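Below is entry_39.cif, holding mmCIF, C-alpha atoms.
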data_structure
#
loop_
_atom_site.group_PDB
_atom_site.id
_atom_site.type_symbol
_atom_site.label_atom_id
_atom_site.label_comp_id
_atom_site.auth_asym_id
_atom_site.auth_seq_id
_atom_site.Cartn_x
_atom_site.Cartn_y
_atom_site.Cartn_z
ATOM 1 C CA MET A 1 13.223 8.532 -14.415
ATOM 2 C CA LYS A 2 16.271 10.787 -14.046
ATOM 3 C CA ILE A 3 15.336 14.199 -15.456
ATOM 4 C CA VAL A 4 17.807 17.087 -15.769
ATOM 5 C CA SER A 5 17.305 20.733 -16.709
ATOM 6 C CA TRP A 6 20.088 23.212 -17.421
ATOM 7 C CA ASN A 7 20.179 26.746 -18.815
ATOM 8 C CA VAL A 8 23.338 26.379 -20.890
ATOM 9 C CA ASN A 9 23.603 29.932 -22.247
ATOM 10 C CA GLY A 10 27.266 30.017 -21.206
ATOM 11 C CA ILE A 11 28.443 26.723 -22.720
ATOM 12 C CA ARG A 12 30.863 27.530 -25.545
ATOM 13 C CA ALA A 13 34.366 26.819 -26.887
ATOM 14 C CA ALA A 14 36.387 24.769 -24.353
ATOM 15 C CA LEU A 15 33.557 24.930 -21.794
ATOM 16 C CA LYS A 16 31.706 22.440 -24.024
ATOM 17 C CA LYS A 17 33.756 19.756 -22.253
ATOM 18 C CA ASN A 18 31.826 20.528 -19.049
ATOM 19 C CA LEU A 19 28.525 19.616 -20.692
ATOM 20 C CA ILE A 20 29.721 16.542 -22.605
ATOM 21 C CA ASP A 21 31.460 15.082 -19.546
ATOM 22 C CA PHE A 22 28.371 15.822 -17.439
ATOM 23 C CA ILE A 23 26.121 13.886 -19.818
ATOM 24 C CA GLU A 24 28.572 11.012 -20.315
ATOM 25 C CA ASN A 25 29.346 10.574 -16.599
ATOM 26 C CA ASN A 26 25.624 9.988 -15.989
ATOM 27 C CA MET A 27 22.694 7.943 -17.290
ATOM 28 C CA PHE A 28 20.060 10.681 -17.526
ATOM 29 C CA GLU A 29 16.915 9.552 -19.344
ATOM 30 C CA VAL A 30 15.705 13.098 -20.139
ATOM 31 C CA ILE A 31 17.880 16.213 -20.431
ATOM 32 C CA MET A 32 16.345 19.642 -21.028
ATOM 33 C CA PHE A 33 18.444 22.602 -22.200
ATOM 34 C CA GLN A 34 17.452 26.252 -22.296
ATOM 35 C CA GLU A 35 19.244 28.987 -24.240
ATOM 36 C CA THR A 36 21.065 26.635 -26.617
ATOM 37 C CA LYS A 37 23.867 28.168 -28.682
ATOM 38 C CA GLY A 38 26.490 27.183 -31.246
ATOM 39 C CA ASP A 39 28.714 24.742 -29.349
ATOM 40 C CA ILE A 40 25.644 22.643 -28.423
ATOM 41 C CA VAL A 41 25.026 20.620 -31.576
ATOM 42 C CA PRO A 42 22.619 17.658 -31.894
ATOM 43 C CA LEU A 43 25.326 15.420 -33.381
ATOM 44 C CA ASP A 44 27.057 15.378 -29.972
ATOM 45 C CA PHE A 45 24.083 13.631 -28.377
ATOM 46 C CA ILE A 46 22.759 11.504 -31.231
ATOM 47 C CA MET A 47 26.094 9.675 -30.993
ATOM 48 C CA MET A 48 25.329 8.949 -27.326
ATOM 49 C CA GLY A 49 21.983 7.375 -28.217
ATOM 50 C CA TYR A 50 19.774 10.394 -27.504
ATOM 51 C CA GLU A 51 16.889 11.543 -29.637
ATOM 52 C CA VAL A 52 17.286 15.317 -29.954
ATOM 53 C CA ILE A 53 14.183 17.526 -30.028
ATOM 54 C CA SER A 54 15.132 21.085 -30.975
ATOM 55 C CA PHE A 55 12.983 24.229 -30.943
ATOM 56 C CA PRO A 56 15.212 27.062 -32.168
ATOM 57 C CA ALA A 57 14.320 30.700 -31.719
ATOM 58 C CA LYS A 58 13.545 32.391 -35.017
ATOM 59 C CA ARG A 59 13.944 35.834 -33.449
ATOM 60 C CA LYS A 60 17.288 37.625 -33.650
ATOM 61 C CA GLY A 61 19.144 37.676 -30.344
ATOM 62 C CA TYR A 62 17.349 34.740 -28.723
ATOM 63 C CA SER A 63 18.163 31.079 -28.152
ATOM 64 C CA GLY A 64 15.583 28.306 -28.067
ATOM 65 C CA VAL A 65 15.276 25.109 -26.076
ATOM 66 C CA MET A 66 16.396 21.537 -26.738
ATOM 67 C CA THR A 67 15.386 18.233 -25.126
ATOM 68 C CA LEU A 68 17.404 14.997 -25.157
ATOM 69 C CA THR A 69 15.602 11.734 -24.468
ATOM 70 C CA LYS A 70 16.380 8.036 -24.186
ATOM 71 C CA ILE A 71 12.626 7.417 -23.822
ATOM 72 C CA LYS A 72 10.861 7.446 -27.179
ATOM 73 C CA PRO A 73 8.083 10.061 -26.928
ATOM 74 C CA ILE A 74 4.494 9.269 -27.804
ATOM 75 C CA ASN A 75 4.111 12.874 -28.972
ATOM 76 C CA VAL A 76 6.196 16.042 -29.216
ATOM 77 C CA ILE A 77 4.694 19.526 -28.873
ATOM 78 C CA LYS A 78 6.857 22.496 -29.834
ATOM 79 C CA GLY A 79 5.696 25.798 -28.393
ATOM 80 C CA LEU A 80 2.487 27.028 -26.816
ATOM 81 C CA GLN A 81 0.632 27.968 -30.031
ATOM 82 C CA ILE A 82 1.208 31.649 -29.138
ATOM 83 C CA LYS A 83 3.402 33.377 -31.689
ATOM 84 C CA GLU A 84 5.183 35.992 -29.559
ATOM 85 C CA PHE A 85 6.487 33.218 -27.278
ATOM 86 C CA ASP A 86 7.060 30.442 -29.817
ATOM 87 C CA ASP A 87 9.149 32.790 -31.979
ATOM 88 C CA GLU A 88 11.597 32.850 -29.046
ATOM 89 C CA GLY A 89 11.728 29.032 -28.857
ATOM 90 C CA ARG A 90 10.651 28.827 -25.254
ATOM 91 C CA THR A 91 8.856 25.489 -24.724
ATOM 92 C CA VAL A 92 9.282 21.880 -25.837
ATOM 93 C CA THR A 93 6.986 19.144 -24.510
ATOM 94 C CA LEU A 94 7.336 15.365 -24.706
ATOM 95 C CA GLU A 95 4.362 13.096 -24.108
ATOM 96 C CA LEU A 96 5.627 9.995 -22.317
ATOM 97 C CA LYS A 97 3.517 7.124 -21.022
ATOM 98 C CA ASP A 98 3.036 8.307 -17.432
ATOM 99 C CA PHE A 99 3.247 12.089 -17.922
ATOM 100 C CA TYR A 100 4.086 15.040 -20.124
ATOM 101 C CA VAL A 101 7.520 16.626 -19.599
ATOM 102 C CA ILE A 102 7.757 20.337 -20.443
ATOM 103 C CA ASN A 103 11.064 22.113 -21.091
ATOM 104 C CA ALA A 104 10.372 25.810 -20.434
ATOM 105 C CA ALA A 105 12.581 28.896 -20.757
ATOM 106 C CA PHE A 106 10.587 31.600 -18.969
ATOM 107 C CA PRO A 107 11.355 35.170 -20.100
ATOM 108 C CA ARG A 108 13.495 37.400 -17.936
ATOM 109 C CA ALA A 109 11.566 40.534 -17.048
ATOM 110 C CA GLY A 110 14.520 42.833 -17.804
ATOM 111 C CA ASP A 111 16.589 44.952 -15.457
ATOM 112 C CA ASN A 112 14.273 47.881 -16.196
ATOM 113 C CA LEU A 113 11.283 45.491 -16.039
ATOM 114 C CA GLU A 114 10.725 46.337 -19.711
ATOM 115 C CA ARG A 115 9.619 42.739 -20.391
ATOM 116 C CA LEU A 116 7.602 42.199 -17.193
ATOM 117 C CA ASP A 117 4.165 42.245 -18.827
ATOM 118 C CA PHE A 118 5.600 39.853 -21.421
ATOM 119 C CA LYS A 119 6.730 37.550 -18.592
ATOM 120 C CA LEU A 120 3.383 37.694 -16.788
ATOM 121 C CA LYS A 121 1.575 36.821 -20.013
ATOM 122 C CA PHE A 122 3.932 33.876 -20.521
ATOM 123 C CA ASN A 123 3.126 32.721 -16.970
ATOM 124 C CA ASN A 124 -0.572 32.673 -17.783
ATOM 125 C CA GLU A 125 -0.140 30.974 -21.153
ATOM 126 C CA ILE A 126 2.062 28.193 -19.819
ATOM 127 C CA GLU A 127 -0.344 27.825 -16.874
ATOM 128 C CA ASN A 128 -3.248 27.305 -19.287
ATOM 129 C CA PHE A 129 -1.119 24.988 -21.442
ATOM 130 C CA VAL A 130 -0.243 22.857 -18.405
ATOM 131 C CA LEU A 131 -3.867 22.714 -17.266
ATOM 132 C CA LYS A 132 -4.990 21.500 -20.695
ATOM 133 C CA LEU A 133 -2.400 18.706 -20.727
ATOM 134 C CA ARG A 134 -3.258 17.734 -17.148
ATOM 135 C CA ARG A 135 -6.750 16.674 -18.234
ATOM 136 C CA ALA A 136 -5.129 13.732 -20.046
ATOM 137 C CA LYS A 137 -1.999 12.916 -18.018
ATOM 138 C CA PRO A 138 0.006 14.383 -15.120
ATOM 139 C CA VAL A 139 2.582 17.028 -15.983
ATOM 140 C CA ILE A 140 6.235 17.694 -15.155
ATOM 141 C CA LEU A 141 7.294 21.296 -15.823
ATOM 142 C CA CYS A 142 11.051 21.938 -15.631
ATOM 143 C CA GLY A 143 13.249 24.799 -16.689
ATOM 144 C CA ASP A 144 14.528 28.295 -16.026
ATOM 145 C CA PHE A 145 11.598 30.153 -14.468
ATOM 146 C CA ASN A 146 13.506 33.413 -13.917
ATOM 147 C CA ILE A 147 11.635 33.617 -10.606
ATOM 148 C CA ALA A 148 13.035 33.336 -7.086
ATOM 149 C CA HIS A 149 9.803 32.157 -5.481
ATOM 150 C CA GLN A 150 10.414 32.748 -1.750
ATOM 151 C CA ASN A 151 12.960 34.438 0.497
ATOM 152 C CA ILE A 152 14.790 31.112 0.896
ATOM 153 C CA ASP A 153 15.289 31.150 -2.896
ATOM 154 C CA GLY A 154 17.793 33.969 -2.696
ATOM 155 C CA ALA A 155 16.428 37.416 -1.948
ATOM 156 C CA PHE A 156 13.547 39.442 -0.597
ATOM 157 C CA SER A 157 10.944 40.527 -3.106
ATOM 158 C CA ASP A 158 11.878 43.811 -4.755
ATOM 159 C CA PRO A 159 9.487 45.540 -7.173
ATOM 160 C CA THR A 160 12.465 46.713 -9.268
ATOM 161 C CA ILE A 161 14.519 43.508 -9.740
ATOM 162 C CA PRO A 162 13.574 40.951 -12.436
ATOM 163 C CA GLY A 163 12.772 37.576 -10.905
ATOM 164 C CA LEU A 164 11.988 39.088 -7.497
ATOM 165 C CA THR A 165 8.936 41.167 -8.404
ATOM 166 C CA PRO A 166 5.722 40.707 -6.400
ATOM 167 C CA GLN A 167 3.898 39.797 -9.635
ATOM 168 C CA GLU A 168 6.390 37.080 -10.583
ATOM 169 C CA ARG A 169 6.511 35.635 -7.079
ATOM 170 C CA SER A 170 2.719 35.817 -6.731
ATOM 171 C CA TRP A 171 2.202 33.834 -9.926
ATOM 172 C CA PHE A 172 4.509 31.063 -8.719
ATOM 173 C CA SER A 173 2.531 30.762 -5.472
ATOM 174 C CA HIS A 174 -0.706 30.751 -7.468
ATOM 175 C CA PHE A 175 0.564 28.031 -9.799
ATOM 176 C CA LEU A 176 1.512 25.749 -6.894
ATOM 177 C CA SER A 177 -1.951 26.301 -5.378
ATOM 178 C CA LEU A 178 -3.510 24.663 -8.456
ATOM 179 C CA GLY A 179 -2.046 21.336 -7.305
ATOM 180 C CA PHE A 180 1.646 21.424 -8.201
ATOM 181 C CA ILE A 181 4.777 20.571 -6.215
ATOM 182 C CA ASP A 182 8.182 22.297 -6.316
ATOM 183 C CA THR A 183 10.223 19.096 -6.104
ATOM 184 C CA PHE A 184 13.428 20.466 -4.586
ATOM 185 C CA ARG A 185 11.497 22.455 -1.988
ATOM 186 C CA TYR A 186 9.274 19.441 -1.274
ATOM 187 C CA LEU A 187 12.183 17.129 -0.476
ATOM 188 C CA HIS A 188 14.225 19.904 1.212
ATOM 189 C CA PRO A 189 11.728 22.245 2.906
ATOM 190 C CA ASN A 190 14.332 24.438 4.613
ATOM 191 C CA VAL A 191 17.498 24.032 2.521
ATOM 192 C CA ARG A 192 18.848 27.267 1.052
ATOM 193 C CA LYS A 193 20.516 26.375 -2.259
ATOM 194 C CA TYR A 194 20.848 28.349 -5.485
ATOM 195 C CA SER A 195 20.903 27.579 -9.207
ATOM 196 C CA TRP A 196 22.069 30.940 -10.593
ATOM 197 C CA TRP A 197 24.947 33.307 -9.848
ATOM 198 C CA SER A 198 26.228 36.313 -11.773
ATOM 199 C CA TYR A 199 29.022 35.588 -14.247
ATOM 200 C CA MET A 200 30.833 38.614 -12.838
ATOM 201 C CA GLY A 201 33.178 38.790 -9.880
ATOM 202 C CA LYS A 202 33.173 36.313 -7.020
ATOM 203 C CA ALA A 203 29.400 35.788 -6.848
ATOM 204 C CA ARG A 204 29.404 32.078 -7.624
ATOM 205 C CA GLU A 205 32.517 31.382 -5.545
ATOM 206 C CA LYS A 206 30.806 33.189 -2.651
ATOM 207 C CA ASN A 207 27.446 31.462 -3.366
ATOM 208 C CA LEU A 208 25.712 34.838 -3.769
ATOM 209 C CA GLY A 209 22.894 33.520 -5.900
ATOM 210 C CA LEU A 210 19.225 32.765 -6.568
ATOM 211 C CA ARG A 211 17.200 29.620 -7.189
ATOM 212 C CA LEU A 212 15.660 30.280 -10.607
ATOM 213 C CA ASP A 213 15.433 26.725 -11.986
ATOM 214 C CA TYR A 214 12.734 24.285 -10.883
ATOM 215 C CA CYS A 215 11.170 20.939 -11.675
ATOM 216 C CA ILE A 216 7.473 21.102 -10.747
ATOM 217 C CA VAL A 217 5.151 18.071 -10.847
ATOM 218 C CA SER A 218 1.388 17.632 -10.720
ATOM 219 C CA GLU A 219 0.239 16.502 -7.281
ATOM 220 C CA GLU A 220 -0.649 13.078 -8.742
ATOM 221 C CA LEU A 221 3.096 12.403 -9.119
ATOM 222 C CA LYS A 222 3.948 13.321 -5.499
ATOM 223 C CA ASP A 223 4.760 9.764 -4.441
ATOM 224 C CA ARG A 224 7.037 9.269 -7.467
ATOM 225 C CA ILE A 225 9.412 11.983 -6.209
ATOM 226 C CA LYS A 226 12.555 10.156 -5.067
ATOM 227 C CA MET A 227 15.409 12.677 -5.345
ATOM 228 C CA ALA A 228 15.782 16.335 -6.270
ATOM 229 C CA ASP A 229 18.864 18.516 -6.266
ATOM 230 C CA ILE A 230 20.835 21.378 -7.753
ATOM 231 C CA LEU A 231 24.212 20.219 -9.064
ATOM 232 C CA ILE A 232 26.105 23.382 -8.210
ATOM 233 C CA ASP A 233 29.543 21.847 -8.885
ATOM 234 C CA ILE A 234 28.785 21.551 -12.626
ATOM 235 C CA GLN A 235 30.423 24.551 -14.300
ATOM 236 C CA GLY A 236 30.149 26.292 -17.654
ATOM 237 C CA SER A 237 27.086 28.554 -17.383
ATOM 238 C CA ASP A 238 25.715 31.100 -14.952
ATOM 239 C CA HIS A 239 23.025 28.531 -14.094
ATOM 240 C CA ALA A 240 23.723 25.135 -12.544
ATOM 241 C CA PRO A 241 21.833 22.035 -13.714
ATOM 242 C CA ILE A 242 18.981 20.689 -11.614
ATOM 243 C CA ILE A 243 17.856 17.085 -11.321
ATOM 244 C CA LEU A 244 14.627 15.257 -10.519
ATOM 245 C CA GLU A 245 14.629 11.487 -10.023
ATOM 246 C CA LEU A 246 11.363 9.530 -10.051
ATOM 247 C CA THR A 247 10.659 6.016 -8.792
#
Take the structure in the file and write it out as structure tokens.
Amino acid sequence: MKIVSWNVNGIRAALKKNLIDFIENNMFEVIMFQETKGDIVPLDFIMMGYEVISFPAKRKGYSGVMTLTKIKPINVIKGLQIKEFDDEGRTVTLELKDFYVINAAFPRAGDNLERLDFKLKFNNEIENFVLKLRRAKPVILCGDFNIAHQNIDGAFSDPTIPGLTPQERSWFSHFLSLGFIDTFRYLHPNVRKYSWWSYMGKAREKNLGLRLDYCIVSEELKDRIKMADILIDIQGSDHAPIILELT
């Protein structure tokens, strides 16, 4: 009912207090982490009453995803059944009663776009994965998309900048056209708000950022959308957590 997604690649050492306080100050039913590292350990959350679903990255230099839930899942699906993506620990899915909830860490295309084809293949595989699940139940897809969909999401398209490429932006538009709703943009059609800022310099203080994190729902869940936001005051990573509340 309250669903949170956060790329926590920066949470470490004393910054761990940011995350623990964030979880304990709230009553989130489902919490989805991307890029989980050392200071994020399942024991922290089991003590709070969460079931912890982990999908570590086997590959060197990569961090998988982790989902916390107070709602006992009917089924858990780790990965997409595609080895080059699952070896990087990029998707975790819970089957709940009313819907599937996918925790996705989309690949970054690279600052030389050296992983762009890899990203576009991921887009198609998660698209097909979502469409298979949707035959049975509606789908909620949250996570770090590493895409700034439209100009209002932070920048003009630029064929040289990862997350702003025409191919990445075009896929996002295509995906929505299949019958999916960007929940923050649905509730706030014209609000410019970001979920990522560079670690370096004054970027976050100056709000020089991009919206890269989304919760997207099947169109069947439209009338369940009650609240959606980016919690930009929550510190500790270069991403801020996002939230989706359902009726």
In Å, with one decimal, what is the gap from atom CA of residue 216 of chain A to atom CA of residue 145 of chain A?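 Taking atom CA of residue 216 of chain A and atom CA of residue 145 of chain A, their separation equals 10.6 Å.
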Q. What do you get, as a ChimeraX atom specification, if you spell out every residue that the PyMOL selection byres ((chain A and resi 7) around 6) selects here?
A. /A:6,8-9,33-35,239
Can you list, as a ChimeraX atom specification, the residues that the PyMOL selection byres ((chain A and resi 182-189) around 12) selects here? /A:3,140-143,145,149-150,152-153,172-173,175-177,179-181,190-195,211-219,221-231,242-246
Long-range neighbours of residue 83 of chain A as a list in words, 12 Å cut-off, only C-alpha atoms, 4 positions minimum in chain
residues 57, 58, 59, 78, 79, 87, 88, 89, 90, 91, 122 and 125 of chain A
What is the distance, in Å and to one decimal place, between atom CA of residue 15 of chain A and atom CA of residue 40 of chain A?
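The value is 10.6 Å.
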Inset, instruction - Determine, counting all atoms listed in the file, which protein, DNA and RNA residues have an atom within 12 Å of an atom of residue 47 of chain A; residues of the same chain fewer than 2 positions away are not included. Present the result as a PyMOL selection string. - result: chain A and resi 20+23-24+41-45+49-52+68+70
Quiz item: Near segment 92-97 of chain A, within 12 Å and counting only C-alpha atoms, which residues show up once chain neighbours fewer than 6 positions away are dropped, as a PyMOL selection string?
Solution: chain A and resi 1+29-34+51-57+64-81+85-86+103-106+126+129-130+133-134+136-143
**Report entry** Selection: 10 Å around residue 235 of chain A, all atoms listed in the file, excl. self and same-chain fewer than 5 positions, as a ChimeraX atom specification
**Finding:** /A:8,10-11,15,17-19,22,240-241
As a check of understanding: the span from atom CA of residue 109 of chain A to atom CA of residue 159 of chain A is 11.3 Å
Can you tell me which residues surround residue 39 of chain A at a distance of at most 8 Å, considering all atoms listed in the file, apart from same-chain residues fewer than 5 positions away, and format the answer as a CSV table (one decimal) with C-alpha atoms, in the coordinates of the input?
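Wrote out.csv, looks like this:
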chain,number,residue,atom,x,y,z
A,11,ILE,CA,28.4,26.7,-22.7
A,12,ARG,CA,30.9,27.5,-25.5
A,13,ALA,CA,34.4,26.8,-26.9
A,16,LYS,CA,31.7,22.4,-24.0
Closest of A:170, A:48, A:82, A:178 to residue 26 of chain A, counting all atoms listed in the file, is A:48
Using only C-alpha atoms - which residues lie no farther than 10 Å from the point (9.9, 38.3, -6.9) in the file's frame? Write them as a short mmCIF file (atom, residue, chain, number, x, y, z; two decimals) with C-alpha atoms, keeping the file's coordinate frame.
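Heads up, here's the output in selection22.cif:
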data_model
loop_
_atom_site.label_atom_id
_atom_site.label_comp_id
_atom_site.auth_asym_id
_atom_site.auth_seq_id
_atom_site.Cartn_x
_atom_site.Cartn_y
_atom_site.Cartn_z
CA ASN A 146 13.51 33.41 -13.92
CA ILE A 147 11.64 33.62 -10.61
CA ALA A 148 13.04 33.34 -7.09
CA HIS A 149 9.80 32.16 -5.48
CA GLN A 150 10.41 32.75 -1.75
CA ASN A 151 12.96 34.44 0.50
CA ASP A 153 15.29 31.15 -2.90
CA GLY A 154 17.79 33.97 -2.70
CA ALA A 155 16.43 37.42 -1.95
CA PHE A 156 13.55 39.44 -0.60
CA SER A 157 10.94 40.53 -3.11
CA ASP A 158 11.88 43.81 -4.76
CA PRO A 159 9.49 45.54 -7.17
CA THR A 160 12.46 46.71 -9.27
CA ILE A 161 14.52 43.51 -9.74
CA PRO A 162 13.57 40.95 -12.44
CA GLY A 163 12.77 37.58 -10.90
CA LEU A 164 11.99 39.09 -7.50
CA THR A 165 8.94 41.17 -8.40
CA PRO A 166 5.72 40.71 -6.40
CA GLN A 167 3.90 39.80 -9.64
CA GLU A 168 6.39 37.08 -10.58
CA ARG A 169 6.51 35.64 -7.08
CA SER A 170 2.72 35.82 -6.73
CA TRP A 171 2.20 33.83 -9.93
CA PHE A 172 4.51 31.06 -8.72
#
